[PDB]
Ligand SMILES: [Cl-]
């Protein structure tokens, strides 16, 4: 698991350039000078708890090596950091804010995301992502999906992606149905090109309502692809069902999202 990962010196990198920040904080586009390609490095903002947690993150990424999962290359220690593949086009969040997207691409993004999530849940034991949102869905130069940010995975803003049972229950056992809910809200974002609950300012009221079955407002049926759109809306609704056990598996989800790409 941790054997094939490489150790990097900062001298191996150059042309450092910030691409995103926050809690994890400081992600940079870097050029590996000897390999002549760009990589991504997420740095720290010191102790042994971070070093072991960062190493855990890398090992989880490595175990899930897949077409729709971001590759990990290894560890820097000049600044302590996770070294991984660079995704030129950046996040789905930015893509949805940029301009209206063609529906064929929207369905492909949904489908590829679902195939990525399915892969994780097919592992033994299942790997739960638990932080799936457009901001963590990265896109390559040809707009194909690779799932990213395994910081919260297990063997403000995030409230919208939180399943209602996580609000109902103090300290519930994390399961596959968590990810399925979050995926529902990803679908909603792809359908609308909006962020969920972006206008409503009362976070607590809207969270309370979510425990009792309140969800983001259903979008209308689009003109270009009204049948596929209806189907996707329906799938979304099943994925955000109040009862976790009624929600589809990603095995079922992928069967349906595949048909949307026809
Ligand atoms: Cl259609």
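Chain A is numbered as in Swiss-Prot; shown residues: 10-54, 58-167, 182-288, in order.
Method of determination (from the header): X-ray crystallography, 2.5 Å.
Keep in mind that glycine also has a Cβ here, set from the backbone N, Cα and C atoms.
Residues or ranges marked as ATP binding site by Swiss-Prot on the basis of sequence analysis: 28, 29, 30, 31, 32, 33, 34, 35, 36, 51. Counting every protein chain shown, the Cβ of residue 28 (ATP binding site) has 16 other Cβ atoms within 10 Å.
Per Swiss-Prot, ubiquitin cross-link is recorded for 51 (among others). Within 10 Å of the C-beta of residue 51 (ubiquitin cross-link) there are 23 other C-beta atoms, taking all protein chains into account.
Taken from Swiss-Prot, the feature ubiquitin cross-link covers 145 (among others), and the record attributes it to similarity to another entry. For residue 145 (ubiquitin cross-link), the same-chain residues lying six or more positions away in sequence with a CB closer than 8 A to its CB are 105, 183, 184, 187, 208, 211, 212.
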Among 30, 32, 34, 36, which are binding-site residues, the residue with the most C-beta atoms within 10 angstroms of its C-beta: 36
Cα-Cα distance in Å between residue 54 and residue 58, where 3 residues go unmodelled: 7
Between residue 32 (ATP binding site) and residue 51 (ubiquitin cross-link), the C-alpha gap once rounded to whole angstrom: 11
End-to-end CA distance across 14 missing residues (from residue 167 to residue 182, Å): 25
Cα-to-Cα gap, residue 34 (ATP binding site) vs residue 51 (ubiquitin cross-link), nearest whole Å: 7
